[PDB]
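Beneath this line is the structure, given in structure tokens, with notes to follow.
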Amino acid sequence: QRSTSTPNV
Amino acid sequence: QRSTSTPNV
Amino acid sequence: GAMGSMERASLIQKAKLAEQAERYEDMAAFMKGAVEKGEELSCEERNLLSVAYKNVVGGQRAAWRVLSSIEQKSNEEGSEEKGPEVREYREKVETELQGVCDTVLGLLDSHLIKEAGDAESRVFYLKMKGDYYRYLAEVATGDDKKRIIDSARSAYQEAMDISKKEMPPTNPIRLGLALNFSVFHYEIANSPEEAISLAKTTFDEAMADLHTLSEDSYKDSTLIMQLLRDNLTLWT
Amino acid sequence: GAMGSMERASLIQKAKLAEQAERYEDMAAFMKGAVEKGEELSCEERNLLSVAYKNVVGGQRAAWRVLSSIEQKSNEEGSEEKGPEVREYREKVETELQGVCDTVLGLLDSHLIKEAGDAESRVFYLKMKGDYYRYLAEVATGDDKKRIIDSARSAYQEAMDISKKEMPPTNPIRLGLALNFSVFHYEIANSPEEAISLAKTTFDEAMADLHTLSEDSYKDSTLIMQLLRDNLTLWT
Ligand SMILES: *SCCNC(=O)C1CCN(C(=O)[C@H](C)c2ccc3cc(OC)ccc3c2)CC1
Ligand SMILES: *SCCNC(=O)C1CCN(C(=O)[C@H](C)c2ccc3cc(OC)ccc3c2)CC1
Ligand SMILES: [Mg+2]
Ligand SMILES: [Mg+2]
Ligand SMILES: [Mg+2]
Ligand SMILES: [Mg+2]
Ligand SMILES: [Mg+2]
Ligand SMILES: [Mg+2]
């Protein structure tokens, strides 16, 4: 659904 | 490992 | 209290919204505000109170266990000295946990239990009293560990006595009480044989009463019965 | 600040403990305290700051989305009137979210960004500035929506300009910046073609530089590249 942003390190 | 208690309704 | 200006019904509505949003600290604050209006709680409202605080204390208990394990390792015979920080932070989480438990116990004592006359409400609240003393017991180490354990035991026992007199053996509150008292015996009271006996007798007596139930009640009762069985498998 | 009496190193140690315990509100408070000591942050410390606040704001964003969806349904042409509670509680969560974003932006402005001279630190902080303006944009509706969007865009653009000059195309900070700027274009700025173009060019330029990398760096870069590809699949 929503775009993926950078995950947690 | 630990015993199971009553879960949330 | 910061909820003193909000309508009771608005507090309950917002507790349900907070549950949907997985905002359980808010949910607990809303339900505390609802209790402090001074009226008795309905079945659904009691459930909202329980869900809210169980989720809050559940996160605290999980965090405390992680920190206590790290602390125990730091104190292993051969571990590098790391300063006071692990103990300090475990103590911080512990104090917050104890505060949540004290808040719940305070609501039960002022004045939920004393106004609860029906078996469903009184057993629910006494089970809750046992549960939150049990959570205090999980972290207790001082003089008062014994007295905390006895307080949990006493609440659970009063609840058991009422449930056996007033509820059928498949009643889900009666079943969940027995489940949690059996956990108390195994995990807190160093009484695994009592835990096993209670779980087995509870399971068998419920089994024999399932024929009286509708499909929906049967689903509710058998769900908790499976947890008794799960523990019996872990314990034996 | 309540962390003003704690040693910097103790704050960082406790931030790591809080992460292990999944106590991200505590983790953020510890890292805020560490930043307010006034020294620059190391790479690991910057990561702790980012992990803490991303987890905190992530829970708020998820809750806000649930409440906004309920509110939008309550305002559907045919829905029963339910009073002000849904709007009030959405506003409460929104204000808390905006407060977290304002806190992070405040730390960046006082004084993390101005002391950050190396490309790795400056790009990291400008990306973070873009991210927290983007989270403000997600909930903005008033006059300042346009200005919030432009603030996010400006921070991301400054970060992009530095990253293209100073970092190889596989650098994981450069890749994560481009990923998040592409999300900004698609989800905030009504610019899906720009989002797609940026994601594609970023992916292709990284692909062509992977041969320069060790196995461990290759793993890091390709993980983020897969997220670009995931979005390109969603978007096309
Ligand atoms: S400081 C220790 C060594 N370096 C790093 O950890 C880098 C810190 C900065 N950085 C990022 O923020 C980038 C955008 C990032 C973030 C999250 C990631 C998650 C995974 O897999 C879970 C893989 C790569 C990245 C990269 C780059 C790393
Ligand atoms: S008030 C609405 C109708 N009644 C109930 O919901 C009962 C409330 C009290 N109660 C319990 O607390 C028991 C111990 C309980 C708790 C949690 C459960 C979870 C599941 O599956 C997820 C099944 C059964 C129970 C029972 C009984 C219900
Ligand atoms: Mg009133
Ligand atoms: Mg203590
Ligand atoms: Mg007996
Ligand atoms: Mg010092
Ligand atoms: Mg607002
Ligand atoms: Mg371009």
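Numbering starts at 1 and runs along the chain as it is shown here.
Per deposition record, X-ray crystallography, 1.6 Å.
In case you wondered, yes, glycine gets a Cβ from its N, Cα and C as well.
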Given the candidates D:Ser10, D:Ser50, D:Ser68, D:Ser151, specify the residue that Swiss-Prot annotates with phosphoserine.
D:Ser10
Please give the sequence-distant neighbours of the expression tag (D:1-5): residues at least 6 beyond its ends with Cβ less than 8 Å from one of its Cβ atoms.
11, 29-30, 32-34, 36
Helix, strand and coil counts within the expression tag (D:1-5) (DSSP):
0 helix, 0 strand, 5 coil
Here are the modified residues: D:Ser10, D:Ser79. Which has the lowest count of other Cβ atoms within 10 Å?
D:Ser79
So which one is it: of the recorded sites D:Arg61, D:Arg134, which has the fewest other Cβ atoms within 10 Å?
D:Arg61
Between D:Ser10 (phosphoserine) and D:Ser79 (phosphoserine), the C-alpha gap once rounded to whole angstrom:
53
Pop the Cα-Cα gap between D:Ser79 (phosphoserine) and D:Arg61 (site 'Interaction with phosphoserine on interacting protein') into the table, whole Å please.
25
